[PDB]
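Colleague: My questions all concern the structure below.
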Amino acid sequence: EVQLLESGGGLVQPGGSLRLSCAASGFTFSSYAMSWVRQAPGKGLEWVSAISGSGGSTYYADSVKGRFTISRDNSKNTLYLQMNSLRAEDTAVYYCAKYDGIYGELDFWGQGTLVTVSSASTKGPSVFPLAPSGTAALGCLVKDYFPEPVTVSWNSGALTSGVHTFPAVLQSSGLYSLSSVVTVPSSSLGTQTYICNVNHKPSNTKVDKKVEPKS
Amino acid sequence: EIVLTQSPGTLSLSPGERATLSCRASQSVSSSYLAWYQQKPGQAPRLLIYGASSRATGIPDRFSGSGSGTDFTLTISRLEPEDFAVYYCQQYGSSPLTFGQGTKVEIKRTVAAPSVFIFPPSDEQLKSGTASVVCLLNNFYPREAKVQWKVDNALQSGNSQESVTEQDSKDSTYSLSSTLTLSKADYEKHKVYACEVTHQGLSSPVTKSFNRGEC
Ligand SMILES: [Cl-]
């Protein structure tokens, strides 16, 4: 099966540089033109750059010309995007994608890697309880972290039913915040233990927060 | 560049029903070089249609495309559960290639009112000089709902943020989290913290509240 596996994304400084990689398998890589396409958070898809099969021809969007360089190493089955002079507006999920050799359209996309461009430092989240007071609701507020992402699980994965982990919001401070909630039998509140397991890998934060009724 | 406008922004339909999506170009698309992509949340785009009307290999019969010049159509004759996703059109006849803003095809189900819960800020957070108040609207349809914050009957503005989950795979509902952010000093100045919810599934608005400093 055809696969395109992306890597090299993460948090970087304005004016800084970053290199993305796209590892191709399951087809003769050197026979096809390749592309990078970006999706800024919550917005549309924007084509970034393209390269011929041999690497002899390269193409760029106006918004990245002179700063980004597309390249490939056919002996490694790898496509590259060298992003120099980065700006906040370059913040996006970046996709590598293959061009159809016969018909010309993009026919296969990689899963994408998040690139965040900001002067702000990595920051682990504070995790606060959302205490419960038929059906009861409880959760965890995961506040003031940077960059994305975090993961949340309940009771080390044992509790999944009725769980809603919300998309993070970006606050004016420039830090993210999300809630994760679960609805449970209100009779279970006294006997059953509820713990939210929060991971923020960029800051190596691991927090297990027990959520209890407050009196 | 060629601008692609898709309509409608959202389509609410039931499984088994017909879906018709429109993609209008600001200039004539060359040689019907227009593609349609499917994208599910957190996933890479998947090619459905190339050349305005040609099904990609592996794409089921139910998907078809038509059109020329400036007006293009994607048709899904009979919606399967897995067909509910975002759909983009894309022109590649004139560089740079460009994408429409996408049409979301959502499951239409019976009107369900939200279960509303309010959460006070924890004692732990209050030590940091900030108070976050959270309002949960659980398992509702349709997606539109209105949340008003009231602090001792005073309407709040400019100090809350919302996020909504993706449509639930089991019951087809949405959930919404709203967070009111106050300095501790402002939080301490008032008693009644209230979240007022307006929704189609409610005959009149639903208020959930608590008083600061009362078990
Ligand atoms: Cl080529």
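Colleague: Would you calculate the convex hull of the Cα atoms in the stretch A:1-119 and tell me its volume per residue in Å³?
Modeller: Considering the Cα atoms of the stretch A:1-119, their hull volume per residue is 97 Å³.
Colleague: Right, here's the next one. If I model a spin label as a point 7 Å beyond the Cα along the Cα-Cβ vector, how far apart are those points for residue B:126 and residue A:3 in nm?
Modeller: Taking the simple label geometry, residue B:126 and residue A:3 are separated by 5.2 nm.
Colleague: How big is the protein assembly as shown in terms of Cα radius of gyration and Dmax, in angstroms?
Modeller: Rg and Dmax of the protein assembly as shown, Cα atoms, are 24.0, 72 Å.
Colleague: Once label points are set 7 Å from the Cα along Cα→Cβ at both residue B:144 and residue A:57, what is their separation, rounded to one decimal in nm?
Modeller: 4.8 nm
Colleague: Could you work out the relative contact order of chain B? I mean the mean sequence separation of Cα pairs under 8 Å and 6+ apart, divided by the number of residues, in percent.
Modeller: Across chain B, relative contact order equals 18 percent.
Colleague: Given q = 0.08, 0.19 Å⁻¹, what are the Debye log10 I(q)/I(0) values for chain A, with equal point scatterers placed on the Cα positions and solvent ignored?
Modeller: For chain A at q = 0.08, 0.19 Å⁻¹, log10 I(q)/I(0) is -0.40, -1.22.
Colleague: Name the residues whose placed amide hydrogens come within less than 5 Å of the amide hydrogen of residue B:130, ignoring near sequence neighbours (fewer than 5 apart) on the same chain.
Modeller: B:184
Colleague: Quick one: dipole size for chain B, taken about the Cα centre, charges +1 on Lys/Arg Cβ and -1 on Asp/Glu Cβ, in debye to the nearest 20.
Modeller: It works out to roughly 160 debye.
Colleague: Further, regarding this structure: Taking the simple approach of a point 7 Å from Cα along Cα-to-Cβ for both residue B:26 and residue B:57, what is their distance in nm?
Modeller: About 3.6 nm, to one decimal.
Colleague: Between the stretch A:159-187 and the stretch A:46-65, how far is it from one alpha carbon centroid to the other, in angstrom?
Modeller: The distance from the Cα centre of the stretch A:159-187 to that of the stretch A:46-65 comes to 40 Å.
Colleague: Tell me the mean residue ellipticity at 222 nm calculated for chain B from its helices only (DSSP H runs of n ≥ 4, each -39500 (n - 2.57), averaged over every residue, nearest 500).
Modeller: -500 deg cm²/dmol
Colleague: Take the cross-link list A:43/A:65; A:123/A:206; A:143/B:104; A:43/B:170; A:210/B:150 and give me the ones stretching past 24 Å between alpha-carbons.
Modeller: Beyond 24 Å between Cα atoms: A:143/B:104; A:43/B:170; A:210/B:150.
Colleague: Something else now. Using θ = phi - 60° and the Karplus curve 6.51 cos²θ - 1.76 cosθ + 1.60, what whole-Hz ³J(HN,Hα) does each residue of the stretch B:51-67 get, with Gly and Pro shown as x?
Modeller: x, 6, 9, 7, 5, 4, 4, x, 7, x, 4, 4, 7, 9, x, 8, x
Colleague: Just going by the charge dipole of chain B, with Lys and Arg at +1 and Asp and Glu at -1 on Cβ, which of B:113, B:44, B:126 is farthest out on the positive end?
Modeller: It is B:113.
Colleague: Over chain B, what lengths in whole Å, largest first, do the semi-axes of the equivalent ellipsoid take, defined as the square roots of 5 times the eigenvalues of the alpha-carbon gyration tensor?
Modeller: Output for chain B: semi-axes of 45, 19, 14 Å.
Colleague: Give a residue-ordered list of calculated ³J(HN,Hα) values for the stretch B:88-97 (Karplus: 6.51 cos²θ - 1.76 cosθ + 1.60, θ = phi - 60°; whole Hz; x for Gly, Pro).
Modeller: Result, ordered by residue: 10, 9, 8, 9, 9, x, 9, 6, x, 4 Hz.
Throughout, read-outs are computed from the coordinates displayed, never taken from laboratory work. When we count neighbours, we look across all protein chains shown, and the Cβ atoms used for this are built from the backbone with ideal geometry, even at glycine.
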